[PDB]
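For the sequence shown, my numbering assigns the number 31 to the initial residue and increments by one for each residue that follows.
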Amino acid sequence: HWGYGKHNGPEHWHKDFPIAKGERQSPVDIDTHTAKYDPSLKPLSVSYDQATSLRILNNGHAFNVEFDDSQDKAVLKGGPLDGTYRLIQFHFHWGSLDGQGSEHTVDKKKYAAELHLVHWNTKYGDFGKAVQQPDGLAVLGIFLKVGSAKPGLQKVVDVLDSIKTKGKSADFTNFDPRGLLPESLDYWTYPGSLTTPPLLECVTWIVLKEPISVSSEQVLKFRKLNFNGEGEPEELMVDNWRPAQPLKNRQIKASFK
Ligand SMILES: NS(=O)(=O)c1ccc(SCCc2ccccc2)cc1
Ligand SMILES: [Zn+2]
Numbered sequence: 031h032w033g034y035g036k037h038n039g040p041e042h043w044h045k046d047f048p049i050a051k052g053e054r055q056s057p058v059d060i061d062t063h064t065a066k067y068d069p070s071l072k073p074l075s076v077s078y079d080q081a082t083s084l085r086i087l088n089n090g091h092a093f094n095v096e097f098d099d100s101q102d103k104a105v106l107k108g109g110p111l112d113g114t115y116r117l118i119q120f121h122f123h124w125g126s127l128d129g130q131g132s133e134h135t136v137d138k139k140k141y142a143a144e145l146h147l148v149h150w151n152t153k154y155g156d157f158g159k160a161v162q163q164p165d166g167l168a169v170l171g172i173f174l175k176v177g178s179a180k181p182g183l184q185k186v187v188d189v190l191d192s193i194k195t196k197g198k199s200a201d202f203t204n205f206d207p208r209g210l211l212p213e214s215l216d217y218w219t220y221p222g223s224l225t226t227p228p229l230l231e232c233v234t235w236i237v238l239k240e241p242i243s244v245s246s247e248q249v250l251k252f253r254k255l256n257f258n259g260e261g262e263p264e265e266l267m268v269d270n271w272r273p274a275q276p277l278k279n280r281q282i283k284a285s286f287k
């Protein structure tokens, strides 16, 4: 029953998920003047050439592009991370309007949407065990702004008709998530949480400084999705973002000067 309406939205989640008011919740505002350059952070290593996408699913709160994570085919390493993190899925959060939609903000600026590439620490064996560990997940966050189209997103846009409603899935093989990356891998990093229930505090967040641009037609297609199931009253899947949470006792580090 959690969701993003007036009656079950982010301000309600604490009643089922008390960790909502915890010590390391996400997203946060990234105050660019207070994040500290940390010259000891390494370059991020994104190794996606062997990625195997399988399926795309509307789960009633976003859509997930899911990957085969039973071997080291698409991994994230380096940066703030120790060890190897396997890509399991990516999804997006977006707005009803171009002026909102991202979860992280940068000096209080909201982007039109935010992509999360979700990875789990292979020393924990599987995703379900990894979410129980403080260093269990690494999520790569990438901001979307509206402008020129992103060619490598179009295959995702074009399948959304087939997963309009909650519970719908479609084969989605041979999708290359390298086509969703910006040029620069400059990033901010901080310890945080899943941004949907169960809000577990298991995520090293790596948020890229450079946004990707997508076309107005691309984001319009996200906004045609439905939160509801087929044969239920239509509620457009829009504004599926949690707002910024208190930073509390955390420092955001920057990979760049
Ligand atoms: N928006 S986010 O990137 O922070 C994010 C990533 C992954 C999940 S998965 C649901 C949590 C879960 C699923 C299955 C077993 C245990 C926990 C939720 C939110
Ligand atoms: Zn997310």
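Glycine is no exception: its CB is placed at the ideal position from the N, C-alpha and C atoms.
Euclidean distance between Cα positions of residue i and residue j
i      : j      : result
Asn204 : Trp32  : 33 Å
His37  : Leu145 : 26 Å
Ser178 : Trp235 : 27 Å
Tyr220 : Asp61  : 12 Å
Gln130 : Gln248 : 15 Å
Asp165 : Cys232 : 6 Å
Classification of residue i by the beta-carbon crowding that lies within 10 angstroms, buried from 16 upward
i      : result
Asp137 : exposed
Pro73  : exposed
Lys51  : exposed
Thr226 : buried
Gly222 : buried
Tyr67  : exposed
Segment limits, alpha helix (DSSP H) that includes residue i
i      : result
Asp201 : Unbroken run through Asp201 is the beta strand (DSSP E), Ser199 to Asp201; no alpha helix (DSSP H).
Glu247 : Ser246 to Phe252
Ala50  : First-last for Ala50: undefined, no H or E at that position.
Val187 : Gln184 to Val189
Cβ-based neighbour list, residue i, same chain, cut-off 7 Å, excluding 5 preceding and 5 following
i      : result
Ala81  : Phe97, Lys103, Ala104, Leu117, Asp206 and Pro207
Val244 : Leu174, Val176, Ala179, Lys180 and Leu183
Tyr217 : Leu74, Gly109, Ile236, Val237, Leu238, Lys239 and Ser285
The beta strand (DSSP E) enclosing residue i, as first and last residue numbers
i      : result
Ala143 : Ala143 to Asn151
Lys107 : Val105 to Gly108
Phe122 : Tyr115 to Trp124
Same chain, Cβ closer than 6 Å to residue i, neighbours up to 5 away in sequence not counted
i      : result
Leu277 : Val58
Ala274 : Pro57, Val58, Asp59 and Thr135
Proximal residues to residue i (C-beta, below 8 Å), its chain only, five neighbours per side dropped
i      : result
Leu266 : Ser126, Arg253, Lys254, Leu255, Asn256 and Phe257
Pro212 : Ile172, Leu238, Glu240, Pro241 and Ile242
Paired residues, beta bridge with residue i - DSSP
i      : result
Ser243 : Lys175
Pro221 : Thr234
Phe97  : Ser83
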